[PDB]
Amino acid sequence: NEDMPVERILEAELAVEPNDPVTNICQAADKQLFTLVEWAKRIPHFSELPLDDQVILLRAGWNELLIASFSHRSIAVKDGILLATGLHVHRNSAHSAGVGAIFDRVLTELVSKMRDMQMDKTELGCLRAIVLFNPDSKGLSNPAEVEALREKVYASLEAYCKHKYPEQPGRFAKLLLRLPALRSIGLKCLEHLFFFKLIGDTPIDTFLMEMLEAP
């Protein structure tokens, strides 16, 4: 925990603490891409990576990274999500806009599960940090370097889990097992954005548009 401190990951999370429903969510998604960069920089050793690898990781992870951030933000709300733009989006607003299936998945598979285990802001940070250091990302100059950094994050996480939650032995593994849900939701989320772009009746901002362009 001296090479990858959980305290610094938590500082990175705290540093960035924030009419068609689909349009509102997209505006927030753009706003959040800018501050995602600021968050990534404050994650230990991310900036020390070559510039080209910093780009690859963020282009591969922005979906899952952002989804995880707003899910955890929305534990306090009852049946919807808290957008960073300040607006509360209820599941009915979502369903009556045609995106009810993916929205419900976020509520069930992520928000619910985060609430029920009371996932803290440090655990969120670590999980997001794990997602960021994705060694599988195609194009990475040094994959083993990224692989090494992933290991330091989850080692520091297990140390945090066994320490601050000694009564719950399975918490660390429980945390890691929201990642296939995150990944599955991430891809279906991307599939939608491409469609919104394709049909072009939803204004998409520059940074969101840039993330949605072929490698």
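The numbering used is simple: start at 1 and walk along the sequence shown.
Compared with other PDB entries of the same protein, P18 is missing from at least a third of those that resolve the residues around it. Going from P18 to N19, the model skips 10 or more deposited residues, which lack coordinates. As listed in the deposited structure, the average C-alpha B-factor of 166-174 and of 61-69 is greater for 166-174. As recorded in the PDB entry, 2-10 is the stretch of 2-10 and 205-213 with the greater mean C-alpha temperature factor.
Split the chain's modelled residues into thirds by C-alpha temperature factor. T108 is in the lowest one. Annotation for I81: C-alpha temperature factor in the middle third relative to the rest of the modelled chain, per the entry. When the CA B factors of the chain's modelled residues are split into thirds, the value for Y154 lands in the middle one. Annotation for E123: C-alpha temperature factor in the middle third relative to the rest of the modelled chain, per the entry. The PDB entry assigns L33 a C-alpha temperature factor belonging to the lowest third of its chain's modelled residues.
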